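Single-structure report; data block below.
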RNA sequence: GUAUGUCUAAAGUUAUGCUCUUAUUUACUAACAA
RNA sequence: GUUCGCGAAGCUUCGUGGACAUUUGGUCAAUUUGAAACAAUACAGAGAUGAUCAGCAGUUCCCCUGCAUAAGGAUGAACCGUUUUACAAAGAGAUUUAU
Ligand SMILES: O=P(O)(O)O[C@H]1[C@H](OP(=O)(O)O)[C@@H](OP(=O)(O)O)[C@H](OP(=O)(O)O)[C@@H](OP(=O)(O)O)[C@H]1OP(=O)(O)O
Ligand SMILES: [K+]
Ligand SMILES: [K+]
Ligand SMILES: [Mg+2]
Ligand SMILES: [Mg+2]
Ligand SMILES: [Zn+2]
Ligand SMILES: [Zn+2]
Ligand SMILES: [Zn+2]
């Protein structure tokens, strides 16, 4: 159920400000301009990070220029935000490019339609979107299913071959995927560019997880024990005298583990 | 006296107002425009002036200043405060350490 | 005079130089405008242009307005907006210094904010915390393409250069340190010169290394720490006292 | 945090208008002292005045120094902070400095402390300021056409600007070295030199107890030459 | 062989019982050869 | 400039009183001197302990990559250095001083 209170859209919000103007531009123009824009954005981000050795190709296919020093390599492992952004632009760059080709006098409209259809049904095979965000397999699978459905309603009496267009339902799928992800990428890339600008938060504090549960447990335990002993101890002894205590405890634990009775004489 | 109901209403009003404002501040601060919808003039002498907040481009960072600085806090314990325990144990207090 | 004529263009934007200096490294960095993948060799070079003030200085859009700041690119001698520039185009004087004297405590004559501390070099625009008027003038060896001149010759040429751009409090060349200390009448003036002769040449048309002026490394005009010399320290103190007497009488 | 402290801007600075319209960008810059976010305020002094005035430092910093947030001058006397600290050091005391820590971490820390600096303690309370002022007050009470001269007996403290201006009043180029005092003055024309000489610590030959003076000159000159 | 970590990358801040000679072991180390 | 009233020449033209409309942007300014980061050359090449190994922590006015409160950066790095007093009471011997 869509929540109703949030009736300040993104575009509306942007419209409200001065820094945007509006124009009537051809969709191809919009596309090409957005490839140019996107390219400039991603390059700006990468260079900002410092790693100029990652050359963006104009086809949004990122690759390193030089052989990478291990440090450099570590630096350049861009995350699932940036790569996902790239992949979406790759997707877009494909279809927009196909339109350009069509309109640039290369290919016929049927050829265009087929091209677009091919792109949508082979987003997996044309842009490793799945790599970064694997739930896109669902989308890919859906597209495949559509193709299977469509073709066999498109090729009843007609034989086999590649020349079917009809890109609608797949296109719908991709739109809904983008709808799904727009929030995710606003968060992800939001945080990313925030990190680029503001440093990362220095109140890191890690949660417990399966991997560090035991260590945390044990530290909590020894803190508790130490506290109790200090409460007990009437002299108000130093932290260095607590080291003896906790070390004693540790030994005791080990003794228990062994099943050797832990009977140190000098204790209270 | 257990506090007055009327005065509890006061305190609640004050503190509730405060915390609501604080949370609003926290929210409109954050980059997630999603959380903008849960948000519940001056003079610099005898001389007078109008304060304004110019709306900025929603591309450029909202808060250019903040950059996650490490900052050490000065304590500011300007007023001294005692630590004040009343006891004097000699017999049990000296016999015990030999055991402890 | 400067006020008699409109300011000529230093150089048309066709003649202006691009923002892609020297390929110092293997690849260009878009968000920084610097180079990268290699910092082999020093970056600095000699200014192609110079403020020839009488041939250049004049009226502006600013001289109409009462813009209180002078054109950095005028000082550098490369302003591509001549009379159409908002920032002014002439040597700072008592009238203009006096005019901006309120604001110039916090920031330069180039209308850019000063900082808490000098940039470790004493190299960048001055700190607000000091009211310094004294420019250190390093890199004279580099500024003359290793021309074995006389100390007298050096100091004279230096005098010719900085006296042209602002009223001098004093200058003194140091043979033992191969540098200048060029105290100015006003902080605005100091600021102006400090940019106006940054990365410049001390060479002249009469000198034989005139066509090699570009190829060296320019004047290192930075700001000066006050001398350890107690001979001048005392003088400084006296000056401070005098100034204090002025302001203190002015309070009532 | 909440916008609890108001901005600390002085009068002269701000300009003589009954109502200006300034803007506040909150968390709007690191300050010029303590590298620390604060609410940046800014305004054109007039509507059609081109120069914006932006609040350089943070309010805590301002309070700490007890200054304007745009001028960096004391809010009372409209004078450089260092200068005012010197004045304060001079009257009533021997030592009053306001040491800013030039290390990026420590400066922040210092800024955070709600404690006035040396001179700020005086200038905050107006009574004390007044007292200081009154104490200060108490404390108070032959022409061969050479175009090129060689002037001597130059006070060590005098600057070239004073010299040239004096000459102008008595009316070009000038060379002075405060070591030697061989004030190698040169005029833009010989006629101008004539004019000057005809118009006449002004000891002045025309080369191209005076004895002792010559000696003092001599030794100083020699020393200069060795340098 | 690496992570990783240091290093360099140029412009001058104004003060007056032993020494010896050898041969042998053992250990460790060695992106050096077998 | 439009228009609505008027006057002076021929519904047309020149002059007059109105109404309409009446404050843009800048925290910035074009290359060295107000700030990145690796990179290259050189040098070493990795915590326990004898040797070889998985790590998870912790403190840190160290951070980086990461969407991250996953995780990973060599167990990410540094932590291994330095280290004197709440200083007492009792006895014995020797020296001095005084009564
Ligand atoms: O089933 P998929 O693995 O998605 O592969 C299909 C399938 O090929 P296979 O049957 O060999 O797997 C289609 O063949 P048909 O079942 O329709 O005979 C074919 O469709 P066309 O016959 O219409 O070409 C289509 O190929 P295309 O993508 O060129 O339409 C192709 O997809 P892939 O080429 O991606 O394997
Ligand atoms: K870890
Ligand atoms: K660790
Ligand atoms: Mg590891
Ligand atoms: Mg390991
Ligand atoms: Zn200009
Ligand atoms: Zn002010
Ligand atoms: Zn501050």
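Kindly provide the set of residues from region A:70-92 that are surrounded by fewer than 19 Cβ atoms within 10 Å (Cβ to Cβ) and over 30 Å from residue A:117 (Cβ atoms), ordered by number.
Selection gives A:70, A:71, A:72, A:73, A:74, A:75, A:76, A:77, A:79.
Taking residue C:169 as meeting all but one of (1) outside any loop (DSSP other than H, G, I, E, B); (2) within 13 Å of chain D (Cβ to nearest Cβ); (3) out of contact with any helix residue (DSSP H, G or I) (no Cβ under 8 Å at 6 or more places or on another chain), write down the number of the exception.
Every condition holds for residue C:169 apart from (3).
Let's see how each residue does on (1) under 21 Å from residue C:162 (Cβ atoms); (2) within 14 Å of chain C (Cβ to nearest Cβ); (3) over 28 Å from the mean Cα position of the chain (by Cα):
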| residue | (1), (2), (3) |
| --- | --- |
| D:147 | no, no, yes |
| D:152 | no, no, yes |
| D:158 | yes, yes, no |
| D:168 | yes, yes, no |
| D:175 | yes, yes, no |
| D:178 | yes, yes, no |
| D:184 | yes, yes, yes |
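Would you check which residues across region D:57-86 are in contact with a strand residue (DSSP E or B) (Cβ under 7 Å, 6 or more places away or on another chain), facing another protein chain (nearest Cβ under 9 Å) and surrounded by fewer than 24 Cβ atoms within 10 Å (Cβ to Cβ) and list them?
D:73, D:79, D:80
Please go through region C:11-44 and give me each residue that is within 11 Å of chain A (Cβ to nearest Cβ) and either in contact with a helix residue (DSSP H, G or I) (Cβ under 9 Å, 6 or more places away or on another chain) or within 16 Å of ligand 8 (Cβ to nearest atom) (or both), ordered by number.
C:28, C:29, C:30, C:31, C:32, C:36, listed by residue number.
How about region B:59-100: which of its residues are surrounded by 12 or more Cβ atoms within 10 Å (Cβ to Cβ) and under 23 Å from residue D:36 (Cα atoms)?
B:61, B:62, B:63, B:64, B:65, B:66, B:67, B:68, B:69, B:71, B:74
Any chance you could count how many residues in region C:45-75 are away from every other protein chain (no Cβ under 14 Å) and within 25 Å of residue C:111 (Cβ to Cβ)?
Counting residues in region C:45-75 that are away from every other protein chain (no Cβ under 14 Å) and within 25 Å of residue C:111 (Cβ to Cβ) gives 16.
Which members of region A:1-32 meet the condition of being part of a loop (DSSP other than H, G, I, E, B) and within 11 Å of chain B (Cβ to nearest Cβ)?
The answer is A:3, A:4, A:5, A:6, A:7, A:8, A:9, A:17, A:18, A:19, A:20.
Please go through region D:7-23 and give me each residue that is more than 16 Å from ligand 8 (Cβ to nearest atom), at the interface with another protein chain (Cβ under 8 Å from one of its Cβ atoms) and surrounded by 13 or more Cβ atoms within 10 Å (Cβ to Cβ), ordered by number.
D:11, D:13, D:14, D:20, D:22, D:23 - these are the residues of region D:7-23 that are more than 16 Å from ligand 8 (Cβ to nearest atom), at the interface with another protein chain (Cβ under 8 Å from one of its Cβ atoms) and surrounded by 13 or more Cβ atoms within 10 Å (Cβ to Cβ).
Search region C:219-235 for residues being surrounded by 13 or more Cβ atoms within 10 Å (Cβ to Cβ) and more than 9 Å from every other protein chain (Cβ to nearest Cβ), and hand back the single one that is nearest to residue D:224 (Cα to Cα).
Out of the qualifying residues, it is C:227.
For region A:244-267, indicate whether the set of residues that are within 14 Å of chain B (Cβ to nearest Cβ), surrounded by 10 or more Cβ atoms within 10 Å (Cβ to Cβ) and under 46 Å from the mean Cα position of the chain (by Cα) is non-empty.
no
One residue is enough: does region C:36-53 have a residue meeting the conditions assigned to a helix (DSSP H, G or I), within 15 Å of ligand 6 (Cβ to nearest atom) and within 20 Å of residue C:189 (Cα to Cα)?
yes
Here's a check for you: in region D:18-32, which residue that is touching a strand residue (DSSP E or B) at 6+ places or on another chain (Cβ under 9 Å) and not in a strand (DSSP E or B) is farthest from ligand 7 (Cβ to nearest atom)?
Checking each candidate, the answer is D:19.
Only one of these is within 11 Å of another protein chain (Cβ to nearest Cβ) and touching a helix residue (DSSP H, G or I) at 6+ places or on another chain (Cβ under 6 Å): A:56, A:94, A:89. Name it.
A:56
Which residue is nearest to residue A:182 (Cα to Cα), if the candidates are limited to region A:59-77 and must be within 16 Å of RNA strand E (Cβ to nearest atom) and more than 14 Å from chain C (Cβ to nearest Cβ)?
A:77
Every residue, every condition in (1) within 12 Å of ligand 1 (Cβ to nearest atom); (2) within 14 Å of another protein chain (Cβ to nearest Cβ); (3) loosely packed, with under 13 Cβ neighbours inside 10 Å; (4) more than 22 Å from residue A:81 (Cα to Cα), yes or no:
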site: A:151; (1), (2), (3), (4): yes, no, no, yes
site: A:156; (1), (2), (3), (4): no, no, yes, yes
site: A:164; (1), (2), (3), (4): yes, no, no, yes
site: A:167; (1), (2), (3), (4): no, no, no, yes
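Only residues in region A:154-178 that are on the phi > 0 side of the Ramachandran plot count as the first member; pair them with residues that are more than 16 Å from ligand 7 (Cβ to nearest atom), Cβ under 7 angstrom, at least 6 apart or cross-chain, and list the lot.
Within 7 Å, the pairs are A:166/A:117; A:166/A:150; A:166/A:154.
Looking for whichever is out of contact with any helix residue (DSSP H, G or I) (no Cβ under 8 Å at 6 or more places or on another chain) and surrounded by 13 or more Cβ atoms within 10 Å (Cβ to Cβ) here; the options are A:61, A:43, A:16. Which one fits?
None of the others qualify; the one that does is A:43.
Is it the case that residue C:129 is surrounded by fewer than 20 Cβ atoms within 10 Å (Cβ to Cβ) and either within 12 Å of another protein chain (Cβ to nearest Cβ) or within 14 Å of RNA strand F (Cβ to nearest atom) (or both)?
no
As a convention, Cβ positions derive from the backbone with ideal geometry for all residues, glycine included, and neighbour counts pool all protein chains shown. Here, each number is a calculation from the coordinates, and none is a lab measurement.
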